[PDB]
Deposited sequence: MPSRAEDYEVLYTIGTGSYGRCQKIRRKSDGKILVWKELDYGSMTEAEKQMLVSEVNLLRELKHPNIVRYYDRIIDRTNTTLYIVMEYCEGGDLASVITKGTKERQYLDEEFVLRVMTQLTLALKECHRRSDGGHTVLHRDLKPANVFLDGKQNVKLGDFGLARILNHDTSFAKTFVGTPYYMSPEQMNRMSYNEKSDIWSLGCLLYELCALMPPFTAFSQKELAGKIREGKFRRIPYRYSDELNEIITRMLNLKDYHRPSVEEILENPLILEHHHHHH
């Protein structure tokens, strides 16, 4: 479809993401705008293929990407996707830090269950961090968004030695994300990357807060094992007695 099919309501975050309304039925959506005006033919060809793959991902726990619009006037590409009224997990963690208020174990179990399912789908088809995890209005958790200055808090031991495909590296990142949801801080912190790497290598961290059960602590701790082969698989995580039907997605 074309941009005129939609009305911009307002900007959510600055490419730039905006909440929009589809005129045909008034459906509330979001689009992300990419300015391809400075791109080469080679970069546009890569872009096209990536957007195409994006359109093929249909999963309850992956942000749904509906359409792509070209506006040759502004040299802008619009990627239309579902609206997640709950925002991102980064804002939830920030909210708790400042409220001196930990999140319910039930919420952490929802995020664990639903993100593990998202990872399972990604692995089948073959950037896990709080700002890339979105919440809808029905308690559902969705993975979205498929270089310097930033601190690589979630970088796994093996990935810091040599960046290569390893599904157990994703489990480490999930571990880090769940840890942060509980403790409201990442398991490893430092002011420099050299110091960070030394800590990650040592593999030691504080227990998550005592309000969280030993069982939750145990599985998060297993995900943060220094040995990739000691971390639980997606299958092993979902077998955990903590995970129940109600922690999964519901339309």
Enumerate the deposited-sequence segments absent from the coordinates, judged by C-alpha atoms, in order of position.
1-2, 17-19, 132-140, 161-174
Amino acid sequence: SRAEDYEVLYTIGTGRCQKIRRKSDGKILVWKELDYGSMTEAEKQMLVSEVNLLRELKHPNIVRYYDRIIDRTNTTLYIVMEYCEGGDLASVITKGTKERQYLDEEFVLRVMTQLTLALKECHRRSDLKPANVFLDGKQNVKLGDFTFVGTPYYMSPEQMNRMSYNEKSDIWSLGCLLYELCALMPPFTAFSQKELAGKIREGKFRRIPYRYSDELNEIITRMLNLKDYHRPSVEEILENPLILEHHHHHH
From here on, numbers count along this sequence of modelled residues.
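In this text, the rigid core denotes the largest set of C-alpha atoms whose superposition between the two forms falls within 1.5 Å.
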Kindly name the stretch, out of 211-219 and 50-58, whose CA atoms are displaced more from this form in 8 other deposited structures of this protein after the core superposition?
50-58
Line up the rigid core: which moves more in 8 other deposited structures of this protein, 27-35 or 185-193, by C-alpha RMS?
27-35
Is it true that residue 172 goes unbuilt in a third or more of the other compared entries of this protein?
no
Is it true that residue 127 goes unbuilt in a third or more of the other compared entries of this protein?
yes
Looking at the entry, does 17-25 or 239-247 show the higher mean C-alpha B-factor?
17-25
Using only C-alpha atoms and the B-factors in the entry, which stretch averages higher, 81-89 or 155-163?
155-163
Candidate residues 211, 59, 55, 206, the one whose C-alpha B factor the record puts highest:
55
Tell me which of 63, 184, 197, 70 tops the list for C-alpha B factor in the record.
70
Can you tell me which third, lowest, middle or highest, the CA B-factor of residue 119 falls into for its chain?
middle
Splitting the chain's C-alpha B-factors into thirds, which one does residue 142 fall into?
lowest
Compare the C-alpha B factor of residue 75 with those of the other modelled residues in its chain, then answer lowest, middle or highest third.
highest
Split the chain's modelled residues into thirds by Cα B-factor; residue 134 lands in the middle
Thinking about Cα B factors across the chain, which third does residue 169 belong to?
middle
